[PDB]
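First, one chain by itself: the form solved without the partner chain, in structure tokens.
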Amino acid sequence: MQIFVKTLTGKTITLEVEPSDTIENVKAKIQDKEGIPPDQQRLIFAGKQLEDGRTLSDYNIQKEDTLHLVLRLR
């Protein structure tokens, strides 16, 4: 399924994912597309800060949901 990850400027990063993909895996996909190291990425959905070891399904993320990406220096 596709999900969207919005950056601070409103850019959409579209990812192809499965419900059993982890947040670690999502950050790896973002690194591959955008070149941003996973350790610099913070993902948020429905007000929750998303933990690397949990899955999309653990957060009830569904097709075409919009996550937010916030970045940190390092």
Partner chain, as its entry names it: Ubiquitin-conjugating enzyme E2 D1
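Numbering follows the first chain given and starts at 1.
Tell me which stretch has the larger mean Cα B-factor in this entry, 10 to 18 or 46 to 54.
Result: 10 to 18.
Place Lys33 in the lowest, middle or highest third of its chain's C-alpha B-factors, as listed in the PDB entry.
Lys33: CA B-factor falls in the highest third of its chain.
Going by the recorded CA B-factors, say which third of the chain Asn60 sits in, lowest, middle or highest.
For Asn60, the deposited C-alpha B-factor lands in the highest third.
Would you mind checking where the Cα B-factor of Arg72 ranks among the modelled residues of its chain, as the lowest, middle or highest third?
It belongs to the middle third of the chain when residues are ordered by C-alpha B-factor.
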